[PDB]
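Worksheet: the structure to be examined is printed underneath.
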Amino acid sequence: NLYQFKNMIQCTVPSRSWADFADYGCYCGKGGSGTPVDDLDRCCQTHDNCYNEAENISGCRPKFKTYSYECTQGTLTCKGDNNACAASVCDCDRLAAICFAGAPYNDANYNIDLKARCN
Amino acid sequence: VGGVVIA
Ligand SMILES: [Ca+2]
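Residue numbers (the entry's author numbering), protein chains in the order written: chain A, 1 to 15, 17 to 120; chain P, 1 to 7.
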């Protein structure tokens, strides 16, 4: 769920607040359209697409599904006690949190005008 | 949760 994804980011990127990623480029947070503006935006685009895929599973709601995961000593793991929905969503989240950690953050791309720039 | 949207 979003609370858990929140916590995954705090684990892999303890250097910046989670709100930094909540409204960035065309794909991070609300939007899902247009040309991804940079590497970080591409992380989010893959993440958004991943959620759309997981939504194909009966009764699977990525923002609300509670999965089983761990974050300790620099390692993020999705656990074995996840069903197919939970396992897919956990994996989407984990791969994005990993993506975020390796991607440059450009202040210019924060809170951009989606209507004008993400067509 | 308790927020808007990060994903
Ligand atoms: Ca989005």
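All residues carry an ideal CB built from backbone N, CA and C; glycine is no exception.
Cβ shell of residue i (< 7 Å), same chain only, five flanking positions each side left out
i: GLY33(A); result: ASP49
i: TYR28(A); result: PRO37, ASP42, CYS45, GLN46, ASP49
i: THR78(A); result: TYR70, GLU71
i: residue 179(A); result: Summary: the structure shown does not reach residue 179(A), with chain A confined to residues 1 through 120, and so no result is reported for it.
Interface partners of residue i on chain P, CB under 7 Å
i: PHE22(A); result: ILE6
i: residue 125(A); result: A question about residue 125(A) goes unanswered here, because the residues of chain A that appear run from 1 up to 120.
i: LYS31(A); result: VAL5
Contacting residues, own chain, Cβ-Cβ under 6 Å from residue i (five flanking each side not counted)
i: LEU2(A); result: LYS64
Neighbouring residues, chain P, relative to residue i (Cβ below 9 Å)
i: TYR52(A); result: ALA7
Requested in this report: Determine contact between the segment 41–50 of chain A and the segment 100–115 of chain A, defined as no fewer than three beta-carbon pairs at a distance below 8 Å.
Outcome: They touch, by the three-pair rule.
**Report entry** Contact shell at 5 Å, judged by CB to any heavy atom of ligand 1, ordered along the chain
**Finding:** Those satisfying the condition are, in chain order, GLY33(A), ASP49(A).
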